[PDB]
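Visitor: My questions all concern the structure below.
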Amino acid sequence: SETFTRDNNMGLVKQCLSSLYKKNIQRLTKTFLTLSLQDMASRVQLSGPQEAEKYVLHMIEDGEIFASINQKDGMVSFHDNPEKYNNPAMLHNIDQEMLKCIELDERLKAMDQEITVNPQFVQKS
Amino acid sequence: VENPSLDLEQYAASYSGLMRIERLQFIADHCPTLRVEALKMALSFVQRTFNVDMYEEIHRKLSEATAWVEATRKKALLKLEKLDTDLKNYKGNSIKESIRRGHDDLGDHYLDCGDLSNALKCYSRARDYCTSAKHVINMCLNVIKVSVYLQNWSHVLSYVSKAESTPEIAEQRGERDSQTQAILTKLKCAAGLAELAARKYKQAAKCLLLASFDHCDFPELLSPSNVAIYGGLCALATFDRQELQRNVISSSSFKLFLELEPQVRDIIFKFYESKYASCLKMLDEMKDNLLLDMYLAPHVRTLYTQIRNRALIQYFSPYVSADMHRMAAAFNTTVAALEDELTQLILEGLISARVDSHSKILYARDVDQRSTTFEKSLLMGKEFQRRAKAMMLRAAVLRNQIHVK
Amino acid sequence: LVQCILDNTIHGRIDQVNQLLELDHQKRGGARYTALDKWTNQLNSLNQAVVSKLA
């Protein structure tokens with residue numbers, strides 16, 4: 001504690017503790033379709049089904065996880081269906097990344113054209 | 001851990017020769033009520049094996065934990081000087097044939113008394129004095145047999161590969177299929193023992209299945225009774241279904257070995273027939289006995305884990321959705337305990353499935369190739385763009401000559 | 001059915017909870033995505049080589 005507070009980065013380390021719980025919950029999605037809140041809290045050491053419900057709900061709100069909460073049975077179901085890559089919005093995302101690569105290529109080509117016209121260059125080549 | 005189910009009638013007939021006494025080193029720790037009986041046979045056993053410095057070891061071990069006898073040890077020490085007389089005559093003759101012929105017969109003798117260091121050094125210097133093709137064949141058996149006793153394999157592996165390739169692959173035809181003593185069966189058993197101790201179970205099984213029972217009756221290298229155990233356990237843990245059927249079930253050479261031990265034969269067959277509740281039960285009973293095997297004790301835990309893991313993968317292979325209640329029963333475990341086992345398998349990537357812990361059903365997962373391809377390609381583009389923009393900034397700091405003094 | 005599936009003589013899977021055998025009349029010519037996977041993997045190593053050519 002003294003080392004981290006001396007370096008003034010207190011809070012970043014506490015964010016590592018909270019992110020470990022999120023990382024453990026995200027690992028549950030790689031193995032489970034439906035997990036009880038009590039059972040999940042015992043694997044991620046959240047000490048309570050109520051705490052697990054709040055932790056999972058926050059992840060859904062932030063978009064970190066794809067899951068739903070069922071209070072009738074006290075179960076959490078993981079819906080691993082991010083996107084089908086069929087909507088026209090995916091086309092818009094593709095051309096946004098393509099434009100970034102094109103602009104990157106234009107700068108790369110322009111800066112080597114400055115090298116070719118350099119009097120210092122072609123003298124040593 | 002008492003095991004009264006061990007049939008002493010079968011076990012006494014399983015080992016023969018020197019391997020009986022070596023097993024008792026560990027067994028006698030927790031098997032009382034036979035010390036008086038052992039003394040009865042000790043009258044004809046003290047003279048046996050030419051024990052000189054082993055006698056002091058046995059009596060001191062139990063005494064430190066929890067003179068008619070001493071007379072025998074003192075008298076036997078004088079016989080050590082007599083054997084040295086025969087060695088002088090060979091050197092005086094100065095004949096290569098006389099030394100070479102008597103060396104091979106004398107070489108086996110130092111092994112019995114206990115001069116391991118002296119015996120090994122002879123073959124190293126005698127290699128340059130051997131130029132004939134026959135002399136090459138004989139020394140291969142001797143060096144491997146001795147090296148097994150002192151438990152080394154770095155030298156054995158070096159000579160094994162060279163001997164099979166340097167002389168035009170065993171002299172082409174094999175010199176009339178070797179001599180009367182077929183060495184081809186002997187190197188196969190030796191290679192299996194060497195590879196098994198090297199934490200290579202797959203190679204040990206391959207070198208053990210290629211053996212013929214008619215020429216596999218040597219009570220000096222390894223007992224034939226446990227040859228089937230070694231070749232079955234290693235093959236079960238490593239070989240897949242295609243390899244197991246072709247190399248074990250359909251192998252006529254290995255069927256003779258399986259007749260010796262019906263338990264290992266039934267375990268392999270039950271595994272093939274998708275009968276895991278019965279197969280694992282027999283393995284559990286046999287597990288304690290295998291722990292007393294000198295060449296199999298350290299590999300029992302890993303072999304059993306691999307066999308069970310292979311059974312779990314094979315069980316779920318023909319299912320797109322499997323009930324966890326039936327699956328747990330087939331593996332002699334509870335649903336909760338089996339769920340933990342499947343969690344590690346799925347995380348490791350050996351099983352592509354997800355566990356529905358509401359109705360206790362294991363659902364096979366079908367990945368989408370199109371979605372997976374798109375997400376990994378976009379991830380590659382994002383990483384490439386970040387890398388390119390980072391290095392194009394590096395070109396600025398390199399061109400501008402920016403550094404910390 | 002389990003023996004046939006394990007022997008690759010029957011191409012299908014068993015739905016135990018419904019007592020079903022769903023066959024494999026699927027898996028069309030999706031080798032285009034497999035080719036795109038190799039293209040992406042080769043490109044991933046290519047960027048690192050160009051950026052890290054000498055220093």
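In the structure tokens, chains take letters A, B, ... by order of appearance, with residues numbered from 1 within each chain and ligands from 1 in the order shown.
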Find the residues of range 90-181 of chain B that sit at most 12 Å from range 197-208 of chain B; for each, write down the nearest two atoms and how far apart they are in Å, to one decimal. Count only C-alpha atoms. Sort by chain, then by number going up, and give it as a tab-separated table.
Guide:
residue	atom	partner	partner_atom	distance
B:148	CA	B:197	CA	10.5
B:151	CA	B:197	CA	9.1
B:152	CA	B:197	CA	9.5
B:153	CA	B:198	CA	8.1
B:154	CA	B:198	CA	9.9
B:156	CA	B:198	CA	11.8
B:157	CA	B:198	CA	10.5
Visitor: Tell me the residues of chain B close to chain A, meaning within 12 Å using only C-alpha atoms, as a PyMOL selection string.
Guide: chain B and resi 336+339-349+351-375+377-393+395-396+399
Visitor: Would you export the selected residues with C-alpha atoms as a CSV table (one decimal), in the first residue's frame, please?
Guide:
chain,number,residue,atom,x,y,z
B,336,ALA,CA,-21.3,-31.3,-9.4
B,339,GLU,CA,-19.1,-30.1,-13.9
B,340,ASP,CA,-15.7,-29.0,-12.5
B,341,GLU,CA,-14.0,-31.6,-14.7
B,342,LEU,CA,-15.8,-30.4,-17.8
B,343,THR,CA,-15.1,-26.7,-17.0
B,344,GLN,CA,-11.3,-27.4,-17.3
B,345,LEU,CA,-11.8,-29.4,-20.5
B,346,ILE,CA,-13.8,-26.7,-22.2
B,347,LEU,CA,-11.4,-23.9,-21.1
B,348,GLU,CA,-8.4,-25.9,-22.3
B,349,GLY,CA,-10.1,-26.3,-25.7
B,351,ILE,CA,-14.2,-30.0,-25.6
B,352,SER,CA,-16.1,-27.5,-27.7
B,353,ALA,CA,-19.3,-27.3,-25.6
B,354,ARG,CA,-21.1,-25.3,-22.9
B,355,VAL,CA,-22.6,-26.4,-19.7
B,356,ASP,CA,-26.2,-25.4,-18.9
B,357,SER,CA,-26.3,-25.6,-15.1
B,358,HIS,CA,-30.1,-25.3,-14.8
B,359,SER,CA,-31.3,-28.5,-16.4
B,360,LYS,CA,-27.9,-30.1,-16.3
B,361,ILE,CA,-27.4,-30.6,-20.0
B,362,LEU,CA,-24.1,-30.3,-21.9
B,363,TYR,CA,-24.8,-28.5,-25.1
B,364,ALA,CA,-22.3,-28.9,-28.0
B,365,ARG,CA,-21.2,-25.5,-29.3
B,366,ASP,CA,-21.2,-24.9,-33.1
B,367,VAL,CA,-19.0,-21.9,-34.0
B,368,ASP,CA,-19.9,-19.7,-36.9
B,369,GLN,CA,-17.1,-19.5,-39.5
B,370,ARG,CA,-18.3,-16.3,-41.1
B,371,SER,CA,-18.6,-14.4,-37.9
B,372,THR,CA,-15.3,-15.7,-36.6
B,373,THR,CA,-13.5,-14.7,-39.8
B,374,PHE,CA,-14.9,-11.2,-39.8
B,375,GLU,CA,-14.1,-10.5,-36.2
B,377,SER,CA,-9.9,-9.8,-39.7
B,378,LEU,CA,-11.1,-6.6,-38.2
B,379,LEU,CA,-9.0,-7.2,-35.1
B,380,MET,CA,-6.0,-7.7,-37.4
B,381,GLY,CA,-6.7,-4.4,-39.2
B,382,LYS,CA,-7.1,-2.5,-35.9
B,383,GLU,CA,-3.8,-3.9,-34.6
B,384,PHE,CA,-2.0,-3.2,-37.9
B,385,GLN,CA,-3.3,0.4,-37.9
B,386,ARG,CA,-2.1,0.9,-34.4
B,387,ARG,CA,1.3,-0.6,-35.1
B,388,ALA,CA,1.8,1.4,-38.3
B,389,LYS,CA,0.8,4.8,-36.7
B,390,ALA,CA,3.2,4.0,-33.8
B,391,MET,CA,6.2,3.3,-36.1
B,392,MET,CA,5.5,6.3,-38.2
B,393,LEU,CA,5.9,8.3,-35.0
B,395,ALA,CA,10.4,7.5,-37.8
B,396,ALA,CA,9.9,11.0,-36.5
B,399,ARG,CA,14.9,11.3,-38.0
Visitor: Distance cut-off 8 Å, counting only C-alpha atoms - which residues of chain C neighbour chain B? Return them as a ChimeraX atom specification.
Guide: /C:2-3,5-6,12-17,30,33-34,36-37,40,44,47,51
Visitor: Give me a file of those residues, with C-alpha atoms, as a short mmCIF file (atom, residue, chain, number, x, y, z; two decimals), in the first residue's frame.
Guide:
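Okay, this is what ended up in result.cif:
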data_model
loop_
_atom_site.label_atom_id
_atom_site.label_comp_id
_atom_site.auth_asym_id
_atom_site.auth_seq_id
_atom_site.Cartn_x
_atom_site.Cartn_y
_atom_site.Cartn_z
CA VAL C 2 -22.56 -43.99 -30.98
CA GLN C 3 -20.32 -46.71 -32.43
CA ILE C 5 -20.53 -41.99 -35.28
CA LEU C 6 -17.21 -42.76 -33.58
CA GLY C 12 -24.46 -36.88 -37.42
CA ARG C 13 -24.98 -36.27 -33.73
CA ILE C 14 -27.44 -37.44 -31.07
CA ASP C 15 -29.68 -35.05 -29.14
CA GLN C 16 -30.08 -37.08 -25.95
CA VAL C 17 -32.59 -34.81 -24.21
CA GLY C 30 -17.49 -22.13 -46.85
CA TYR C 33 -13.69 -17.93 -45.07
CA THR C 34 -10.96 -20.52 -44.46
CA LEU C 36 -9.58 -15.48 -45.67
CA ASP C 37 -8.33 -16.85 -42.34
CA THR C 40 -5.42 -12.63 -42.25
CA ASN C 44 -0.68 -10.39 -39.16
CA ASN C 47 3.13 -6.19 -40.46
CA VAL C 51 7.99 -2.67 -38.86
#
Visitor: Could you tell me, as a ChimeraX atom specification, which residues of chain C DSSP assigns to helix (DSSP H, G or I) when given the backbone?
Guide: /C:2-6,31-51
Visitor: Would you pick out the contacts of residue 42 in chain A at 12 Å or less, using only C-alpha atoms, so that residues sharing its chain but fewer than 4 positions from it are not included, and give the list as a PyMOL selection string?
Guide: chain A and resi 21+24-25+28+35-38+46-49+51-52
Visitor: Could the residues in this selection be saved with N, CA and C atoms as a JSON list (two decimals), in the first residue's frame?
Guide:
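The result, stored in selection22.json:
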[["chain", "number", "residue", "atom", "x", "y", "z"],
["A", 21, "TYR", "N", -12.64, -9.33, -11.09],
["A", 21, "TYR", "CA", -13.97, -9.92, -11.00],
["A", 21, "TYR", "C", -14.65, -9.96, -12.36],
["A", 24, "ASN", "N", -13.06, -12.72, -14.42],
["A", 24, "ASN", "CA", -13.53, -14.04, -14.01],
["A", 24, "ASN", "C", -14.95, -14.31, -14.51],
["A", 25, "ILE", "N", -15.82, -13.30, -14.46],
["A", 25, "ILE", "CA", -17.18, -13.47, -14.96],
["A", 25, "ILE", "C", -17.17, -13.71, -16.46],
["A", 28, "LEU", "N", -16.65, -17.21, -17.32],
["A", 28, "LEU", "CA", -17.83, -18.06, -17.16],
["A", 28, "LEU", "C", -18.61, -18.18, -18.46],
["A", 35, "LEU", "N", -25.96, -20.14, -15.52],
["A", 35, "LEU", "CA", -25.33, -20.33, -14.23],
["A", 35, "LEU", "C", -26.17, -19.67, -13.15],
["A", 36, "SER", "N", -26.38, -20.37, -12.05],
["A", 36, "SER", "CA", -27.10, -19.79, -10.93],
["A", 36, "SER", "C", -26.30, -18.63, -10.33],
["A", 37, "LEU", "N", -27.02, -17.66, -9.77],
["A", 37, "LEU", "CA", -26.35, -16.52, -9.15],
["A", 37, "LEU", "C", -25.51, -16.96, -7.96],
["A", 38, "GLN", "N", -26.02, -17.88, -7.15],
["A", 38, "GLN", "CA", -25.26, -18.40, -6.02],
["A", 38, "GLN", "C", -24.02, -19.15, -6.51],
["A", 46, "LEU", "N", -17.59, -13.57, -5.06],
["A", 46, "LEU", "CA", -18.32, -12.33, -4.80],
["A", 46, "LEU", "C", -19.11, -12.36, -3.50],
["A", 47, "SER", "N", -19.20, -13.52, -2.85],
["A", 47, "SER", "CA", -19.82, -13.68, -1.53],
["A", 47, "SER", "C", -21.25, -13.12, -1.50],
["A", 48, "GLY", "N", -22.11, -13.73, -2.30],
["A", 48, "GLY", "CA", -23.52, -13.41, -2.29],
["A", 48, "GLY", "C", -24.15, -13.35, -3.66],
["A", 49, "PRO", "N", -25.30, -14.01, -3.82],
["A", 49, "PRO", "CA", -26.04, -13.90, -5.08],
["A", 49, "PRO", "C", -26.47, -12.48, -5.41],
["A", 51, "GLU", "N", -24.76, -9.74, -4.74],
["A", 51, "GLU", "CA", -23.58, -9.08, -5.29],
["A", 51, "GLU", "C", -23.32, -9.52, -6.73],
["A", 52, "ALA", "N", -23.51, -10.81, -7.01],
["A", 52, "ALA", "CA", -23.32, -11.31, -8.37],
["A", 52, "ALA", "C", -24.33, -10.70, -9.33]]
Visitor: Using only C-alpha atoms, determine which residues lie at most 9 Å from range 331-333 of chain B, disregarding the query and same-chain residues fewer than 6 positions distant; provide the list as a PyMOL selection string.
Guide: chain B and resi 276-278+280-281+308+311-312
Visitor: If you run DSSP over the backbone, which residues in chain A end up strand (DSSP E)? Put them as a JSON list (two decimals) with N, CA and C atoms, in the first residue's frame.
Guide:
[["chain", "number", "residue", "atom", "x", "y", "z"],
["A", 32, "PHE", "N", -20.29, -21.70, -19.76],
["A", 32, "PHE", "CA", -21.65, -21.87, -19.29],
["A", 32, "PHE", "C", -22.65, -21.19, -20.22],
["A", 33, "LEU", "N", -23.81, -21.82, -20.38],
["A", 33, "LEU", "CA", -24.97, -21.16, -20.97],
["A", 33, "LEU", "C", -25.88, -20.56, -19.91],
["A", 34, "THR", "N", -26.02, -21.24, -18.78],
["A", 34, "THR", "CA", -26.86, -20.77, -17.68],
["A", 34, "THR", "C", -26.18, -21.13, -16.37],
["A", 35, "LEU", "N", -25.96, -20.14, -15.52],
["A", 35, "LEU", "CA", -25.33, -20.33, -14.23],
["A", 35, "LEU", "C", -26.17, -19.67, -13.15],
["A", 36, "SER", "N", -26.38, -20.37, -12.05],
["A", 36, "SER", "CA", -27.10, -19.79, -10.93],
["A", 36, "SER", "C", -26.30, -18.63, -10.33],
["A", 67, "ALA", "N", -25.39, -11.04, -21.60],
["A", 67, "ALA", "CA", -26.07, -11.93, -20.66],
["A", 67, "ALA", "C", -27.39, -11.30, -20.25],
["A", 68, "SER", "N", -28.24, -12.12, -19.63],
["A", 68, "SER", "CA", -29.51, -11.68, -19.09],
["A", 68, "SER", "C", -29.71, -12.31, -17.72],
["A", 69, "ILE", "N", -30.51, -11.65, -16.89],
["A", 69, "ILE", "CA", -30.77, -12.08, -15.52],
["A", 69, "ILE", "C", -32.22, -12.53, -15.42],
["A", 70, "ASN", "N", -32.42, -13.73, -14.87],
["A", 70, "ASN", "CA", -33.75, -14.31, -14.69],
["A", 70, "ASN", "C", -33.99, -14.46, -13.19],
["A", 75, "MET", "N", -31.17, -17.37, -12.11],
["A", 75, "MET", "CA", -30.15, -17.84, -13.04],
["A", 75, "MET", "C", -29.73, -16.71, -13.97],
["A", 76, "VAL", "N", -28.50, -16.79, -14.45],
["A", 76, "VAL", "CA", -27.95, -15.85, -15.42],
["A", 76, "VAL", "C", -27.63, -16.63, -16.69],
["A", 77, "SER", "N", -28.20, -16.20, -17.81],
["A", 77, "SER", "CA", -28.03, -16.87, -19.09],
["A", 77, "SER", "C", -27.13, -16.02, -19.98],
["A", 78, "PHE", "N", -26.11, -16.65, -20.56],
["A", 78, "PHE", "CA", -25.15, -15.97, -21.42],
["A", 78, "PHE", "C", -25.55, -16.15, -22.88]]
Visitor: Identify, on the basis of only C-alpha atoms, every residue whose closest approach to residue 89 in chain B does not exceed 12 Å; exclude the query and any residue fewer than 4 positions from it along the same chain; express the result as an NGL selection string.
Guide: :B and (83-85 or 93-95 or 98-99 or 102)
Visitor: Could you write out the selected residues, including N, CA, C and O atoms, as a PDB file, in the first residue's frame?
Guide:
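Below is the file part.pdb, written as the result:
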ATOM      1  N   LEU B  83      38.536 -64.271  -7.699  1.00  0.00           N
ATOM      2  CA  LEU B  83      38.141 -64.041  -9.085  1.00  0.00           C
ATOM      3  C   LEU B  83      39.150 -63.197  -9.855  1.00  0.00           C
ATOM      4  O   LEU B  83      39.168 -63.255 -11.090  1.00  0.00           O
ATOM      5  N   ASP B  84      39.983 -62.418  -9.163  1.00  0.00           N
ATOM      6  CA  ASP B  84      40.930 -61.548  -9.854  1.00  0.00           C
ATOM      7  C   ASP B  84      42.050 -62.337 -10.521  1.00  0.00           C
ATOM      8  O   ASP B  84      42.735 -61.807 -11.404  1.00  0.00           O
ATOM      9  N   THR B  85      42.256 -63.593 -10.116  1.00  0.00           N
ATOM     10  CA  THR B  85      43.360 -64.378 -10.660  1.00  0.00           C
ATOM     11  C   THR B  85      43.159 -64.704 -12.135  1.00  0.00           C
ATOM     12  O   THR B  85      44.133 -64.750 -12.896  1.00  0.00           O
ATOM     13  N   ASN B  93      48.928 -63.640 -22.466  1.00  0.00           N
ATOM     14  CA  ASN B  93      48.941 -64.282 -23.777  1.00  0.00           C
ATOM     15  C   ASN B  93      49.149 -63.274 -24.900  1.00  0.00           C
ATOM     16  O   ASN B  93      49.757 -63.609 -25.923  1.00  0.00           O
ATOM     17  N   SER B  94      48.664 -62.042 -24.725  1.00  0.00           N
ATOM     18  CA  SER B  94      48.768 -60.991 -25.741  1.00  0.00           C
ATOM     19  C   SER B  94      48.142 -61.433 -27.062  1.00  0.00           C
ATOM     20  O   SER B  94      48.677 -61.179 -28.143  1.00  0.00           O
ATOM     21  N   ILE B  95      46.996 -62.105 -26.973  1.00  0.00           N
ATOM     22  CA  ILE B  95      46.253 -62.570 -28.138  1.00  0.00           C
ATOM     23  C   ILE B  95      44.911 -61.854 -28.151  1.00  0.00           C
ATOM     24  O   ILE B  95      44.185 -61.866 -27.147  1.00  0.00           O
ATOM     25  N   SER B  98      41.883 -64.362 -27.689  1.00  0.00           N
ATOM     26  CA  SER B  98      41.714 -64.888 -26.337  1.00  0.00           C
ATOM     27  C   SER B  98      41.058 -63.864 -25.419  1.00  0.00           C
ATOM     28  O   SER B  98      40.173 -64.210 -24.627  1.00  0.00           O
ATOM     29  N   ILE B  99      41.480 -62.602 -25.505  1.00  0.00           N
ATOM     30  CA  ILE B  99      40.900 -61.565 -24.656  1.00  0.00           C
ATOM     31  C   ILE B  99      39.461 -61.280 -25.065  1.00  0.00           C
ATOM     32  O   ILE B  99      38.575 -61.139 -24.214  1.00  0.00           O
ATOM     33  N   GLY B 102      36.890 -64.255 -24.006  1.00  0.00           N
ATOM     34  CA  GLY B 102      36.642 -64.352 -22.578  1.00  0.00           C
ATOM     35  C   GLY B 102      36.045 -63.093 -21.984  1.00  0.00           C
ATOM     36  O   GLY B 102      35.444 -63.139 -20.907  1.00  0.00           O
TER      37      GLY B 102
END
Visitor: Could you jot down the CA of residue 54 in chain B to CA of residue 106 in chain B separation for me, Å, one decimal place?
Guide: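 Result for CA of residue 54 in chain B versus CA of residue 106 in chain B: 22.0 Å, one decimal.
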Visitor: So how far away is CA of residue 149 in chain B from CA of residue 219 in chain B, in Å?
Guide: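 Between CA of residue 219 in chain B and CA of residue 149 in chain B the gap works out to 13.9 Å.
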Visitor: Using only C-alpha atoms, which residue out of B:225, B:252, B:161, B:325 lies closest to residue 12 in chain B?
Guide: B:225
Visitor: In Å, rounded to a single decimal, give me how far CA of residue 27 in chain C is from CA of residue 90 in chain A.
Guide: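 Separating CA of residue 90 in chain A from CA of residue 27 in chain C is a distance of 24.3 Å.
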